[PDB]
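Novice: Order-wise, the sequence lines are chains A, B and C. Using the deposited numbering, you'd call the opening residue of the first sequence number 903 and step up by one each time. Using the deposited numbering, you'd call the opening residue of the second sequence number 7 and step up by one each time. Using the deposited numbering, you'd call the opening residue of the third sequence number 553 and step up by one each time. By construction, the Cβ of each residue, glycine as well, lies at the ideal position given by its N, Cα and C atoms. I'd like to ask you about the structure that follows.
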Amino acid sequence: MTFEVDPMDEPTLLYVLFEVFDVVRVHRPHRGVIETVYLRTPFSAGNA
Amino acid sequence: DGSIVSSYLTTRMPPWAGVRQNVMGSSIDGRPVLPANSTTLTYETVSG
Amino acid sequence: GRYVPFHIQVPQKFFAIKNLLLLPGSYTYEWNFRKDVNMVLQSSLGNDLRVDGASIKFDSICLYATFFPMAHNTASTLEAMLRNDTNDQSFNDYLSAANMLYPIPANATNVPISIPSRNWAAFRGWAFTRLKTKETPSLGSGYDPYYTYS
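Below, the structure is given as structure tokens:
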């Protein structure tokens, strides 16, 4: 991606939302147990 | 000069303190903190 | 007045635990709260409230939780239905976006970025906005000493 912006006399940032499906599924199988599985697609940040 | 800024690949900003700006900062009570590129941040300073 | 003893009710925003319906059990619930006056406060000029003598201090803190007084045969049936793995509660973040901040220099016109090589399955789109580097904090670190803006 390549953005052409107006010049400013100040350091500015560039905030891009790469829109994903940031989804959590929450499993509570027994009393006092929370098991959550997170998944976002495409930009998955899980090692598993 | 007349060069296009920027023509090199911009790597995204690291999400921690000391990279975003090399400005002079301030402590939680207001004491002036020297910038990140200063040579006084190669060690830590503990106040009595 | 300058000197304000406050009493505030701070909502929970993290989407997986924002609308979650907890089933019975004993759950620990721990959280970190900022004391940074440039983060917890907002001024109408944007001055550095650390230098300007602003100071927040947390005396005490409490967790409140309103329970629906459901019948004990109904809330035991609902507890038993919601522990099946087919009835697992599933939430999405409303933004649902990987957020990448790219530094633009002063008086810079062209900003080239790149994503190296990736499976782009279930990609939804882009939404971009230029921000100022002064007005953005370095989140991720526990304290940003260089964020002189409120």
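#1: Rounded to the nearest angstrom, what separates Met-652/C and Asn-625/C at their Cα positions?
#2: Okay, do the region 666-680 of chain C and the region 919-938 of chain A touch, 3+ Cβ pairs below 8 Å being the bar?
#3: Quick check: the region 905-916 of chain A against the region 658-666 of chain C, are at least 3 beta-carbon pairs closer than 8 Å?
#4: Relative to the C-alpha of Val-29/B, which residue among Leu-593/C, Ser-642/C, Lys-565/C, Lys-686/C is closest?
#5: Select from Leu-593/C, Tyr-698/C, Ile-608/C the residue whose C-alpha is nearest the C-alpha of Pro-557/C.
#6: Run down chain B in chain order and give the residues with a C-beta less than 9 Å from the C-beta of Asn-662/C.
#7: List the residues of chain B that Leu-915/A touches, going by C-beta distances under 9 Å, in chain order.
#8: Name, in chain order, the residues that DSSP records as bridge partners for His-929/A.
#9: In or out: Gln-27/B buried (at least 16 other Cβ within 10 Å) or exposed?
#10: Looking at the structure shown, is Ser-32/B part of a helix, part of a strand, or coil, going by DSSP?
Specialist: Here's the rundown:
#1: As a working mapping, residue 652/C is identified with position 100 in the third sequence. As a working mapping, residue 625/C is identified with position 73 in the third sequence. Each residue's Cα considered, the two are about 49 Å apart.
#2: Counting C-beta pairs closer than 8 Å gives three or more between the region 666-680 of chain C and the region 919-938 of chain A, which meets the contact rule.
#3: Segments in contact, yes.
#4: Position 23 of the second sequence holds residue 29/B. Here the closest residue by C-alpha is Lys-686/C.
#5: Taking the third sequence and counting its residues from 1, one reaches residue 557/C at position 5. Selected option, being the one with the closest Cα: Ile-608/C.
#6: Translated into the one-based positions of the third sequence, residue 662/C becomes position 110. By Cβ distance, chain B contributes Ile-10, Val-11, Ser-12, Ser-13.
#7: As a position in the first sequence, residue 915/A is number 13, starting the count at 1. Those are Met-19, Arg-26, listed as they occur along chain B.
#8: Mapped onto the first sequence, residue 929/A falls at position 27. When beta bridges are read from the DSSP output, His-929/A appears opposite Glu-937/A.
#9: One-based indexing of the second sequence puts residue 27/B at position 21. The residue in question, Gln-27/B, is buried, as its Cβ has 16 or more Cβ neighbours within 10 Å.
#10: Translated into the one-based positions of the second sequence, residue 32/B becomes position 26. It is a strand residue.
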